[PDB]
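In terms of the entry's author numbering, the sequence shown is residues 73 to 353, 356 to 378.
I have placed the structure first, in the form of C-alpha cells, so that the comments after it can refer back to it.
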Amino acid sequence: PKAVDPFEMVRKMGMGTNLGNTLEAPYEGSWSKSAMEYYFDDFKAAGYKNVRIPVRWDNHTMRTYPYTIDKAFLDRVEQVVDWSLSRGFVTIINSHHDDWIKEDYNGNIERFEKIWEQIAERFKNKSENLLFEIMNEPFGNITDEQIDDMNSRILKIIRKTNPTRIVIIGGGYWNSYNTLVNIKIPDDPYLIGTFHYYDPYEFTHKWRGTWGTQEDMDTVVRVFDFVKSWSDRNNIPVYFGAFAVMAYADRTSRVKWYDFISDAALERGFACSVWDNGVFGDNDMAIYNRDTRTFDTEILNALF
Ligand SMILES: OC[C@H]1O[C@@H](O[C@H]2[C@H](O)[C@@H](O)[C@H](O)O[C@@H]2CO)[C@H](O)[C@@H](O)[C@@H]1O
Numbered sequence: 073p074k075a076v077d078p079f080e081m082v083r084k085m086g087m088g089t090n091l092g093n094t095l096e097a098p099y100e101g102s103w104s105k106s107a108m109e110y111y112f113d114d115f116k117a118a119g120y121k122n123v124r125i126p127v128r129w130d131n132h133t134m135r136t137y138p139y140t141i142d143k144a145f146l147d148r149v150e151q152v153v154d155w156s157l158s159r160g161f162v163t164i165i166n167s168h169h170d171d172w173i174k175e176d177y178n179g180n181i182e183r184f185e186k187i188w189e190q191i192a193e194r195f196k197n198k199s200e201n202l203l204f205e206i207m208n209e210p211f212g213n214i215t216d217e218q219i220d221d222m223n224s225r226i227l228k229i230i231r232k233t234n235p236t237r238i239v240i241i242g243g244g245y246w247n248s249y250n251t252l253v254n255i256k257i258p259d260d261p262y263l264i265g266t267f268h269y270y271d272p273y274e275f276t277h278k279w280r281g282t283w284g285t286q287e288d289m290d291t292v293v294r295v296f297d298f299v300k301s302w303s304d305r306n307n308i309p310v311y312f313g314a315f316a317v318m319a320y321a322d323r324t325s326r327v328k329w330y331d332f333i334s335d336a337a338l339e340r341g342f343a344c345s346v347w348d349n350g351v352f353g356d357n358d359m360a361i362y363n364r365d366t367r368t369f370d371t372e373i374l375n376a377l378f
C-alpha cells in the first residue's frame, strides 16, 4: 500500500547510463561486448545512479504458444539485474527492438503478454529499484489506440504479481518540429513517463548536418518545458531513457551537448539515462570502454 512513489524514484534515479547494444541485440554479444559484472563496478565509480538494460526477448521466446522464454535466458537477465541492484543502481529492464509486435499486434499481442507475464513473475520479489519499461519506443508503425491498449494490458498483467512496482510507459516524443504528449494515462499511482526523440517523417527530411547549434538548444528547452508542464499537470514524473542519441559536428559540440542536456533535464526534476553504444574504433556514441574499463572523462564531467 505504501511503497516508494514515482517522484521519489525519479529523484533517486538521477543521471544514469544505458547498457546499449547488449541484451537488446539479436543475441547478447552479437553487437557490443556482453555484460560483465565489472561494468557495474565502473559505472558506480563513475557516478551513474541508474542503469537501463534494454532487452530483446524475441529470440529467447518461442514463436508459438505458449511463447515460453528460455529458462536460461531468464537466468541470464536476472544475473545482470542482480549485479546492478546489488550495487545500489535503480535498474530498468524493458522490451527493446521486439518490433515483431508492431508488424502485427492483433497477431502478436498475446505473445507480448506472455513475455511480460513471465518477466513479471520471475522478478516479482525484486527490489523497488527494478523498474519495468513496457516498450522502448511505442510510437511509430502502430495506432494510438493500440499503444494505449498495450500499456493498459501489460500494466494489468504486471500488477497481478507486482502491485507497487513502478512501471514506465511512453508519455510522448519530440523532434525539431513538434512535441507530442499522452493525454490518456492509466489510473495507477506507480507510473513514470518516458520520452525519446522521434520523427515519423525522419526518412524524408532534406536534413541539416547533425546537432549542436544554439537553435537546437532553444528547441530542447522548449520541449523540456512542455514535458515539464505535462509532468506537473498529470502528476507523473519524467524520464529520458536514452538521450544524446545523435551525431555531432565535432568533439567540442558533443561535449557541450552532453553538458547541456544533463543540466536542463535534472533542473526540471527529470530522471535520465545517457545512451551508451558501447562501441569504440566505429566510435559512435560510447562513453565507457568495456575493453579498457576507462571512460571518456570529458563527457562524464559534462554529465555531473
Ligand atoms: O537498430 C540498431 C541500431 O540501434 C542503435 O541504438 C538506438 C537504440 O536502440 C534506440 O532505442 C535509441 O532511441 O536510439 C539509438 C541510436 O540510434 C545503435 O546505436 C546502433 O549501433 C544499432 O545498429
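Here a beta-carbon is modelled for each residue, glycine too, at the ideal position from N, C-alpha and C.
Chain-order list of residues whose beta-carbon lies under 6 Å from that of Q218 (same chain, five-residue window excluded): If you number the sequence shown from 1, residue 218 lands on position 146. Excluding sequence neighbours, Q218 sits near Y177.
In the DSSP assignment, what are the bridge partners of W283? Indexing the sequence shown from 1 puts residue 283 at position 211. Residue pairing by DSSP puts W283 in a beta bridge opposite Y320.
Is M207 a contact residue of ligand 1, with contact defined as CB to any heavy atom under 7 Å? As a first step, residue 207 is located in the sequence shown; it is residue number 135 there, counting from the start. At a threshold of 7 Å, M207 does not count as near ligand 1, since its beta carbon sits no closer than that to any of the ligand's heavy atoms.
Please report how far the alpha carbon of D331 lies from the alpha carbon of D358, in whole angstroms. Mapped onto the sequence shown, residue 331 falls at position 259. Mapped onto the sequence shown, residue 358 falls at position 284. Approximately 18 Å between the Cα atoms of the pair.
Under the three-state DSSP convention, the category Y262 falls into: The residue you call residue 262 lines up with position 190 of the sequence shown. In the structure shown, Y262 falls within a coil segment according to DSSP collapsed to helix, strand and coil.
Would you call the CB atoms of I238 and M87 closer than 8 Å? The sequence position of residue 238 within the sequence shown is 166, counting from 1. The sequence position of residue 87 within the sequence shown is 15, counting from 1. In this structure, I238 keeps its C-beta atom at 8 Å or more from the C-beta atom of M87.
Inter-stretch contact (C-beta, 8 Å, three-pair minimum) for the segment 275-284 and the segment 297-308: Taking a cut-off of 8 Å on C-beta distances, the segment 275-284 does not touch the segment 297-308, as fewer than three cross pairs fall below it.
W129: CB within 7 Å of a non-hydrogen atom of ligand 1: On the sequence shown, residue 129 is found 57 positions in, with the first residue counted as 1. No; taking the cut-off as 7 Å, the Cβ of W129 has no heavy atom of ligand 1 nearer than that.
Suppose contacts are defined by Cβ-Cβ distances below 8 Å. Is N166 in contact with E205 by that definition? In the sequence shown, residue 166 corresponds to position 94, counting from 1. In the sequence shown, residue 205 corresponds to position 133, counting from 1. Result yes, Cβ atoms of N166 and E205 sit closer than 8 Å.
Can we count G92 as close to ligand 1, meaning its CB is less than 7 Å from some heavy atom? By 1-based counting over the sequence shown, the position of residue 92 is 20. At least one heavy atom of ligand 1 is nearer than 7 Å to the Cβ of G92, so yes.
Nearest-angstrom Cα distance between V299 and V310? For the purposes of this step, residue 299 is taken as the residue at position 227 of the sequence shown. For the purposes of this step, residue 310 is taken as the residue at position 238 of the sequence shown. The straight-line gap from Cα to Cα measures roughly 8 Å.
Cutoff 7 Å; reference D130; Cβ partners in own chain excluding five residues on either side: Sequence index remark: in the sequence shown, residue 130 carries index 58 (1-based). Once the five neighbours on either side are set aside, the close Cβ partners of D130 are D170 and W172.
If we ignore side chains and look at the alpha-carbon of each, how far apart do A321 and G119 end up? Residue 321 sits at position 249 when you count from the first residue of the sequence shown. Residue 119 sits at position 47 when you count from the first residue of the sequence shown. Cα-Cα distance, rounded: 27 Å.
Per-residue DSSP class, three states only, for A144: Residue numbering aside, residue 144 sits at position 72 when the sequence shown is read from its first letter. Assigned with DSSP and collapsed to three states, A144 falls in helix.
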